[PDB]
There are 2 protein chains.
Amino acid sequence: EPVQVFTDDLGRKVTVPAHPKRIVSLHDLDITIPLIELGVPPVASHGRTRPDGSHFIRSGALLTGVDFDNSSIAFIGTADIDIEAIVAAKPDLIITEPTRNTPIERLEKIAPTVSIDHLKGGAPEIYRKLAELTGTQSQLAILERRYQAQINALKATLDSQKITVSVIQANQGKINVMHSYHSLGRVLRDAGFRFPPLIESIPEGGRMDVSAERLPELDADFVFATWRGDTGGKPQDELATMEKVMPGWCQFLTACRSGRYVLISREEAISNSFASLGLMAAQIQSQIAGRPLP
Amino acid sequence: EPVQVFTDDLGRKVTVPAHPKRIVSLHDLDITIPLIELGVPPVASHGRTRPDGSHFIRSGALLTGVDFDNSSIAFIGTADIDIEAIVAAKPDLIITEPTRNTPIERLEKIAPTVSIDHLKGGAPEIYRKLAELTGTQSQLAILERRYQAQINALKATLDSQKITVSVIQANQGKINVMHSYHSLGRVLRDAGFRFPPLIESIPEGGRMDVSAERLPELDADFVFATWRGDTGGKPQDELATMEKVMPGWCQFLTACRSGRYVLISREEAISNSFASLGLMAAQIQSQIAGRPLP
């Protein structure tokens, strides 16, 4: 019953509960996982569909232990959001994002609705906004304190201001690089590691394709790449794709030639969650400083 | 004020809240960390003290984000428990353990008091007991679901019954080896890895010192060890410790000589927390299956 006014990322000043009890989320990975971490899981959520017709919250169980099958969170649809399911969930707050296609004008006649945009400040701003929305600034501060401690533990392990890093990815015949590769890039930058010029010059929130011949320009002391394992995939498949991109690609990176090419599971690496930040920090730690080469 | 019966590990049937709101914890690592993970932080806790006079929950910030300096958990002592701070905290439940000073009989007249023993059943049992005690069985189920997903992700990454691992530790000129090294050994065992015959010979819950001449009997596809970092230590400090144990030790292990010797941060590795098991699984994954060697 007590309310609050929130200005969303479309610039809409919306009257919302101070402490919402029945949140509806229109994205699993970008909204619902954060909501779970903050201790305000939604009563219904966008999710995904297996070939057998069963549903799952993407990265839910793996990163939070929470999924459709072990909770009372209702599934509202994958590509086509079921408006009736949203209404049947009796929300006091609906949370969507600009790359979701369900019209705001439809949603706002069900319940107070807000839209949040990761493009405006990334994951840190997403969680700040969600905490403000849900009255969970307190749970957020503890999540941020843990991340502070993981970053500091990493900085204390090695001189990161002296080690160069790089995150690359096979992209259909070329190499795609981001300015900051999601969880992996965020931890590497917050820890003070330095990227090659070609990556540094990419605008924040951007990405670019690089021709395979220009691999040496993406080299660093350590080169990270990620592999899709959600579908029965293994790290060797990512080694296969790179070989298709360029036969003997390894010889073009001193990091790969020297055995400082590191493969990280992609599902964990792409999530905006605090769970993932911790997994990235641990992996970066032992891989860079806990793996002496002969 | 609804009440339940709990038989503690001394065999005492104690009438305790069904849902305790104001828990006092007499041990940071064995009780407080579990309680925080179960979503029921204590209102007062044992912890450690620095020479400057500041107080902390060992592992609290690093693994949970929760500490004395960013919460309202009251510090109640390190060596000698502050009984007046426990009174001021108005507890409805006091949790103690057998390796503690405080007479159980003084605590009894402040609030219902139970004693939990880590020696019977370990962490799984500690967590099960606390969940029943605090009414947090559903939170535990969620933590367990995430552990299942992490083990499943690891097993799907590689054929683990095809790979041998070992965990060793320098111990004053000798090598100490456990049947299962805390969190790191539990994950390796749960994921289905094989161990060297000498390690499988050690009785469950046990450990053994061996001379460094016997290092080859601890050799594996991957040899793991841990380094203490909570106090400015670095991985290189543990390598220097090994060189004292035996000069040229690296050449004596095929794993080290070939670049399959991996160093893992100790504080996380020795914790019984669900957070640790997650950091272990992720590091084992990329270290074993995500690091191509030239």
# chains A, B, ... in the order shown; residues from 1 in each chain; ligands from 1
>>> interface_residues(of="chain A", to="chain B", cutoff="8 Å", atoms="only C-alpha atoms", output="ChimeraX atom specification")
/A:61-66,142-147,149-150,153,156-158,229,232-235,256-265,278-279,282-283,286-287,289-294
>>> write_last_selection(atoms="C-alpha atoms", output="PDB file, in the first residue's frame")
ATOM      1  CA  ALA A  61      19.223 -23.309 -11.444  1.00  0.00           C
ATOM      2  CA  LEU A  62      22.915 -22.936 -12.354  1.00  0.00           C
ATOM      3  CA  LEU A  63      23.330 -19.436 -10.972  1.00  0.00           C
ATOM      4  CA  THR A  64      20.585 -19.216  -8.287  1.00  0.00           C
ATOM      5  CA  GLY A  65      19.153 -22.705  -7.661  1.00  0.00           C
ATOM      6  CA  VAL A  66      15.733 -21.316  -8.604  1.00  0.00           C
ATOM      7  CA  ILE A 142      25.908  -6.715   0.674  1.00  0.00           C
ATOM      8  CA  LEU A 143      26.104  -8.096  -2.895  1.00  0.00           C
ATOM      9  CA  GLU A 144      28.361  -5.160  -3.822  1.00  0.00           C
ATOM     10  CA  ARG A 145      30.485  -5.609  -0.700  1.00  0.00           C
ATOM     11  CA  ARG A 146      31.187  -9.256  -1.697  1.00  0.00           C
ATOM     12  CA  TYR A 147      32.147  -8.147  -5.215  1.00  0.00           C
ATOM     13  CA  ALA A 149      36.094  -8.208  -1.661  1.00  0.00           C
ATOM     14  CA  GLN A 150      36.532 -10.493  -4.714  1.00  0.00           C
ATOM     15  CA  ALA A 153      41.412 -10.361  -3.371  1.00  0.00           C
ATOM     16  CA  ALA A 156      46.165  -8.520  -3.998  1.00  0.00           C
ATOM     17  CA  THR A 157      47.093 -11.776  -5.858  1.00  0.00           C
ATOM     18  CA  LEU A 158      49.230 -10.246  -8.653  1.00  0.00           C
ATOM     19  CA  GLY A 229      28.045 -25.622 -22.980  1.00  0.00           C
ATOM     20  CA  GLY A 232      25.886 -30.521 -24.606  1.00  0.00           C
ATOM     21  CA  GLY A 233      28.782 -28.445 -25.973  1.00  0.00           C
ATOM     22  CA  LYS A 234      32.393 -28.714 -24.794  1.00  0.00           C
ATOM     23  CA  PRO A 235      35.497 -26.429 -24.876  1.00  0.00           C
ATOM     24  CA  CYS A 256      48.107 -19.330 -27.402  1.00  0.00           C
ATOM     25  CA  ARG A 257      51.656 -20.376 -28.453  1.00  0.00           C
ATOM     26  CA  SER A 258      52.772 -20.026 -24.819  1.00  0.00           C
ATOM     27  CA  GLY A 259      49.765 -21.847 -23.294  1.00  0.00           C
ATOM     28  CA  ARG A 260      48.064 -18.719 -21.897  1.00  0.00           C
ATOM     29  CA  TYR A 261      44.854 -19.168 -23.860  1.00  0.00           C
ATOM     30  CA  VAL A 262      42.018 -19.719 -21.425  1.00  0.00           C
ATOM     31  CA  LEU A 263      38.552 -21.106 -22.197  1.00  0.00           C
ATOM     32  CA  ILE A 264      35.645 -20.016 -19.947  1.00  0.00           C
ATOM     33  CA  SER A 265      32.089 -21.418 -19.937  1.00  0.00           C
ATOM     34  CA  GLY A 278      32.432 -14.308  -8.355  1.00  0.00           C
ATOM     35  CA  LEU A 279      32.918 -17.239 -10.730  1.00  0.00           C
ATOM     36  CA  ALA A 282      38.004 -17.034  -9.092  1.00  0.00           C
ATOM     37  CA  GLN A 283      38.750 -18.343 -12.565  1.00  0.00           C
ATOM     38  CA  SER A 286      43.935 -19.264 -10.541  1.00  0.00           C
ATOM     39  CA  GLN A 287      44.315 -19.136 -14.353  1.00  0.00           C
ATOM     40  CA  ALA A 289      48.484 -16.587 -11.090  1.00  0.00           C
ATOM     41  CA  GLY A 290      47.786 -20.201 -10.035  1.00  0.00           C
ATOM     42  CA  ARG A 291      48.947 -22.056 -13.156  1.00  0.00           C
ATOM     43  CA  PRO A 292      52.755 -22.077 -13.467  1.00  0.00           C
ATOM     44  CA  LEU A 293      53.957 -23.028 -16.958  1.00  0.00           C
ATOM     45  CA  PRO A 294      57.080 -25.117 -17.667  1.00  0.00           C
TER      46      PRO A 294
END
>>> select_by_dssp(residues="segment 161-208 of chain B", states="alpha helix (DSSP H)", output="JSON, numbers by chain")
{"B": [182, 183, 184, 185, 186, 187, 188, 189, 190, 197, 198, 199, 200, 201]}
>>> write_last_selection(atoms="N, CA, C and O atoms", output="PDB file, in the first residue's frame")
ATOM      1  N   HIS B 182      38.395 -30.684   2.085  1.00  0.00           N
ATOM      2  CA  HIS B 182      37.345 -29.683   2.287  1.00  0.00           C
ATOM      3  C   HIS B 182      36.500 -29.496   1.036  1.00  0.00           C
ATOM      4  O   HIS B 182      36.083 -30.481   0.435  1.00  0.00           O
ATOM      5  N   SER B 183      36.290 -28.245   0.623  1.00  0.00           N
ATOM      6  CA  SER B 183      35.382 -27.928  -0.488  1.00  0.00           C
ATOM      7  C   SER B 183      35.915 -28.409  -1.830  1.00  0.00           C
ATOM      8  O   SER B 183      35.163 -28.934  -2.657  1.00  0.00           O
ATOM      9  N   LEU B 184      37.220 -28.228  -2.029  1.00  0.00           N
ATOM     10  CA  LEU B 184      37.889 -28.631  -3.250  1.00  0.00           C
ATOM     11  C   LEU B 184      37.873 -30.138  -3.489  1.00  0.00           C
ATOM     12  O   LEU B 184      37.648 -30.571  -4.620  1.00  0.00           O
ATOM     13  N   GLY B 185      38.122 -30.931  -2.443  1.00  0.00           N
ATOM     14  CA  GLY B 185      38.061 -32.377  -2.563  1.00  0.00           C
ATOM     15  C   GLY B 185      36.638 -32.889  -2.757  1.00  0.00           C
ATOM     16  O   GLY B 185      36.401 -33.831  -3.513  1.00  0.00           O
ATOM     17  N   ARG B 186      35.690 -32.268  -2.064  1.00  0.00           N
ATOM     18  CA  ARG B 186      34.277 -32.661  -2.152  1.00  0.00           C
ATOM     19  C   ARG B 186      33.734 -32.472  -3.555  1.00  0.00           C
ATOM     20  O   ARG B 186      32.949 -33.277  -4.017  1.00  0.00           O
ATOM     21  N   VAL B 187      34.163 -31.418  -4.240  1.00  0.00           N
ATOM     22  CA  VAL B 187      33.672 -31.143  -5.592  1.00  0.00           C
ATOM     23  C   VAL B 187      34.297 -32.115  -6.571  1.00  0.00           C
ATOM     24  O   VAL B 187      33.605 -32.640  -7.452  1.00  0.00           O
ATOM     25  N   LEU B 188      35.604 -32.336  -6.426  1.00  0.00           N
ATOM     26  CA  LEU B 188      36.336 -33.301  -7.258  1.00  0.00           C
ATOM     27  C   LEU B 188      35.734 -34.700  -7.109  1.00  0.00           C
ATOM     28  O   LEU B 188      35.509 -35.391  -8.109  1.00  0.00           O
ATOM     29  N   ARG B 189      35.433 -35.098  -5.869  1.00  0.00           N
ATOM     30  CA  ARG B 189      34.823 -36.411  -5.622  1.00  0.00           C
ATOM     31  C   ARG B 189      33.397 -36.484  -6.175  1.00  0.00           C
ATOM     32  O   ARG B 189      33.069 -37.434  -6.870  1.00  0.00           O
ATOM     33  N   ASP B 190      32.571 -35.477  -5.878  1.00  0.00           N
ATOM     34  CA  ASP B 190      31.183 -35.406  -6.382  1.00  0.00           C
ATOM     35  C   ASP B 190      31.090 -35.406  -7.911  1.00  0.00           C
ATOM     36  O   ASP B 190      30.164 -35.994  -8.484  1.00  0.00           O
ATOM     37  N   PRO B 197      45.908 -44.084  -5.888  1.00  0.00           N
ATOM     38  CA  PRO B 197      45.705 -45.160  -4.907  1.00  0.00           C
ATOM     39  C   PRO B 197      46.070 -44.782  -3.466  1.00  0.00           C
ATOM     40  O   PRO B 197      45.351 -45.151  -2.536  1.00  0.00           O
ATOM     41  N   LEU B 198      47.177 -44.070  -3.276  1.00  0.00           N
ATOM     42  CA  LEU B 198      47.576 -43.678  -1.931  1.00  0.00           C
ATOM     43  C   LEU B 198      46.522 -42.777  -1.262  1.00  0.00           C
ATOM     44  O   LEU B 198      46.280 -42.878  -0.052  1.00  0.00           O
ATOM     45  N   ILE B 199      45.893 -41.905  -2.048  1.00  0.00           N
ATOM     46  CA  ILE B 199      44.855 -41.018  -1.513  1.00  0.00           C
ATOM     47  C   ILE B 199      43.558 -41.775  -1.177  1.00  0.00           C
ATOM     48  O   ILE B 199      42.931 -41.509  -0.137  1.00  0.00           O
ATOM     49  N   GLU B 200      43.191 -42.737  -2.035  1.00  0.00           N
ATOM     50  CA  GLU B 200      42.008 -43.579  -1.810  1.00  0.00           C
ATOM     51  C   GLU B 200      42.163 -44.497  -0.593  1.00  0.00           C
ATOM     52  O   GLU B 200      41.172 -44.916  -0.008  1.00  0.00           O
ATOM     53  N   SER B 201      43.408 -44.790  -0.218  1.00  0.00           N
ATOM     54  CA  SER B 201      43.731 -45.624   0.956  1.00  0.00           C
ATOM     55  C   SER B 201      43.477 -44.968   2.317  1.00  0.00           C
ATOM     56  O   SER B 201      43.287 -45.668   3.325  1.00  0.00           O
TER      57      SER B 201
END
>>> closest_residue(among="B:288, B:85, B:170, B:270", to="residue 193 of chain B", atoms="only C-alpha atoms")
B:288
>>> select_by_dssp(residues="segment 145-219 of chain B", states="strand (DSSP E)", output="CSV table (one decimal) with N, CA, C and O atoms, in the first residue's frame")
chain,number,residue,atom,x,y,z
B,165,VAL,N,43.0,-36.8,-10.4
B,165,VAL,CA,43.3,-35.6,-9.7
B,165,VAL,C,43.9,-36.0,-8.3
B,165,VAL,O,43.7,-37.1,-7.8
B,166,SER,N,44.6,-35.0,-7.7
B,166,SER,CA,45.1,-35.1,-6.4
B,166,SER,C,45.2,-33.8,-5.7
B,166,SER,O,45.2,-32.7,-6.5
B,167,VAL,N,45.0,-33.7,-4.4
B,167,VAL,CA,45.2,-32.4,-3.7
B,167,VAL,C,46.3,-32.7,-2.6
B,167,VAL,O,46.2,-33.6,-1.8
B,169,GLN,N,49.4,-30.7,0.1
B,169,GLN,CA,49.7,-29.5,0.9
B,169,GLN,C,51.1,-29.6,1.6
B,169,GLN,O,51.3,-30.5,2.4
B,170,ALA,N,52.0,-28.6,1.3
B,170,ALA,CA,53.2,-28.6,2.1
B,170,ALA,C,52.9,-28.4,3.6
B,170,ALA,O,52.0,-27.5,3.9
B,171,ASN,N,53.5,-29.2,4.4
B,171,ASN,CA,53.3,-29.1,5.8
B,171,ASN,C,54.6,-29.3,6.6
B,171,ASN,O,55.0,-30.4,7.0
B,174,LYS,N,57.1,-31.7,5.0
B,174,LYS,CA,56.5,-32.9,4.4
B,174,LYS,C,55.2,-32.5,3.7
B,174,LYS,O,54.9,-31.3,3.6
B,175,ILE,N,54.6,-33.5,3.1
B,175,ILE,CA,53.4,-33.3,2.3
B,175,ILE,C,52.3,-33.9,3.0
B,175,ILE,O,52.3,-35.1,3.3
B,176,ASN,N,51.3,-33.1,3.4
B,176,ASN,CA,50.0,-33.6,4.0
B,176,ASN,C,49.0,-33.9,2.9
B,176,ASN,O,48.8,-33.1,2.0
B,177,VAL,N,48.2,-34.9,3.0
B,177,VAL,CA,47.2,-35.3,2.1
B,177,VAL,C,46.0,-35.8,2.8
B,177,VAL,O,46.1,-36.6,3.8
B,178,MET,N,44.8,-35.3,2.5
B,178,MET,CA,43.5,-35.7,3.0
B,178,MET,C,42.8,-36.6,2.1
B,178,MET,O,43.0,-36.6,0.9
B,207,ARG,N,43.5,-38.1,7.2
B,207,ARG,CA,44.6,-37.4,6.5
B,207,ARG,C,45.9,-38.0,6.9
B,207,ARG,O,46.0,-38.8,7.9
B,208,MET,N,47.0,-37.7,6.2
B,208,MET,CA,48.2,-38.3,6.4
B,208,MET,C,49.4,-37.5,5.9
B,208,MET,O,49.3,-36.8,4.9
B,209,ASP,N,50.5,-37.5,6.7
B,209,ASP,CA,51.7,-36.9,6.2
B,209,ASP,C,52.5,-37.9,5.5
B,209,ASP,O,52.6,-39.1,6.0
B,210,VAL,N,53.2,-37.5,4.4
B,210,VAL,CA,54.1,-38.4,3.7
B,210,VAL,C,55.4,-37.6,3.5
B,210,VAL,O,55.3,-36.3,3.4
>>> residues_around(residues="residue 90 of chain A", least_positions_apart="6", cutoff="9 Å", atoms="only C-alpha atoms", output="list in words")
residues 22, 23, 24, 43, 110 and 111 of chain A
>>> write_last_selection(atoms="N, CA and C atoms", output="mmCIF file, in the first residue's frame")
data_model
loop_
_atom_site.group_PDB
_atom_site.id
_atom_site.type_symbol
_atom_site.label_atom_id
_atom_site.label_comp_id
_atom_site.auth_asym_id
_atom_site.auth_seq_id
_atom_site.Cartn_x
_atom_site.Cartn_y
_atom_site.Cartn_z
ATOM 1 N N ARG A 22 4.298 -8.770 -5.632
ATOM 2 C CA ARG A 22 3.939 -9.607 -6.760
ATOM 3 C C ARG A 22 4.525 -9.015 -8.030
ATOM 4 N N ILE A 23 5.820 -9.246 -8.234
ATOM 5 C CA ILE A 23 6.519 -8.706 -9.401
ATOM 6 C C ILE A 23 6.395 -9.622 -10.594
ATOM 7 N N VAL A 24 6.086 -9.043 -11.750
ATOM 8 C CA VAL A 24 6.151 -9.784 -13.007
ATOM 9 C C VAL A 24 7.363 -9.318 -13.838
ATOM 10 N N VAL A 43 6.750 -13.239 -9.095
ATOM 11 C CA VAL A 43 5.704 -14.260 -9.058
ATOM 12 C C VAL A 43 5.449 -14.899 -10.442
ATOM 13 N N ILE A 110 -2.472 -3.201 -16.907
ATOM 14 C CA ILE A 110 -2.556 -4.310 -15.956
ATOM 15 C C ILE A 110 -2.083 -3.879 -14.555
ATOM 16 N N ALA A 111 -0.926 -3.228 -14.503
ATOM 17 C CA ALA A 111 -0.306 -2.844 -13.235
ATOM 18 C C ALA A 111 0.743 -1.777 -13.516
#
>>> residues_around(residues="residue 12 of chain B", least_positions_apart="3", cutoff="12 Å", atoms="only C-alpha atoms", output="ChimeraX atom specification")
/B:5-9,15-16,104,108,112-116
>>> write_last_selection(atoms="N, CA, C and O atoms", output="compact mmCIF listing (two decimals), in the first residue's frame")
# COMPACT_ATOMS: atom_id res chain seq x y z
N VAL B 5 10.48 -28.37 18.94
CA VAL B 5 11.49 -29.14 19.68
C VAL B 5 12.69 -29.48 18.79
O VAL B 5 12.52 -29.94 17.66
N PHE B 6 13.89 -29.24 19.30
CA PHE B 6 15.11 -29.62 18.60
C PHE B 6 16.02 -30.38 19.55
O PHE B 6 16.35 -29.88 20.63
N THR B 7 16.43 -31.59 19.16
CA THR B 7 17.43 -32.33 19.93
C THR B 7 18.82 -32.01 19.38
O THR B 7 19.12 -32.30 18.22
N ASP B 8 19.65 -31.39 20.21
CA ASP B 8 20.97 -30.96 19.75
C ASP B 8 21.98 -32.11 19.84
O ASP B 8 21.61 -33.24 20.15
N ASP B 9 23.25 -31.81 19.57
CA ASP B 9 24.25 -32.86 19.44
C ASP B 9 24.85 -33.34 20.77
O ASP B 9 25.68 -34.26 20.80
N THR B 15 13.34 -26.67 23.56
CA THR B 15 12.16 -26.00 22.98
C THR B 15 12.59 -24.67 22.36
O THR B 15 12.90 -23.71 23.08
N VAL B 16 12.61 -24.63 21.03
CA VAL B 16 13.11 -23.46 20.27
C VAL B 16 12.03 -22.88 19.34
O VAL B 16 11.11 -23.59 18.96
N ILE B 104 27.32 -23.77 28.88
CA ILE B 104 25.98 -23.85 28.31
C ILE B 104 24.89 -23.39 29.29
O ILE B 104 23.85 -22.89 28.88
N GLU B 108 21.74 -20.77 28.79
CA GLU B 108 20.39 -21.32 29.01
C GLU B 108 19.40 -20.33 29.63
O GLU B 108 18.23 -20.32 29.26
N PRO B 112 16.68 -20.08 24.80
CA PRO B 112 16.94 -21.46 24.36
C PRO B 112 18.30 -21.61 23.67
O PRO B 112 18.64 -20.81 22.79
N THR B 113 19.08 -22.61 24.09
CA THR B 113 20.45 -22.79 23.64
C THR B 113 20.67 -24.21 23.12
O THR B 113 20.36 -25.18 23.81
N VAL B 114 21.21 -24.32 21.90
CA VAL B 114 21.55 -25.62 21.33
C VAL B 114 23.03 -25.69 20.96
O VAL B 114 23.65 -24.68 20.68
N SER B 115 23.57 -26.90 20.97
CA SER B 115 24.95 -27.14 20.58
C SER B 115 25.02 -28.05 19.34
O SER B 115 24.47 -29.15 19.34
N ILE B 116 25.71 -27.57 18.31
CA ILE B 116 25.86 -28.29 17.04
C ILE B 116 27.30 -28.70 16.78
O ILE B 116 28.21 -27.87 16.80
>>> atom_distance(atom1="atom CA of residue 213 of chain A", atom2="atom CA of residue 241 of chain A")
15.6 Å
>>> atom_distance(atom1="atom CA of residue 4 of chain B", atom2="atom CA of residue 17 of chain B")
5.7 Å
>>> residues_around(residues="segment 123-135 of chain B", least_positions_apart="2", cutoff="7 Å", atoms="only C-alpha atoms", output="list in words")
residues 6, 18, 19, 20, 34, 118, 121, 137, 140 and 272 of chain B
>>> closest_residue(among="A:48, A:266, A:27, A:194", to="residue 100 of chain A", atoms="only C-alpha atoms")
A:27
>>> closest_residue(among="A:46, A:120, A:58, A:214", to="residue 83 of chain A", atoms="only C-alpha atoms")
A:46
>>> atom_distance(atom1="atom CA of residue 216 of chain A", atom2="atom CA of residue 245 of chain A")
14.4 Å
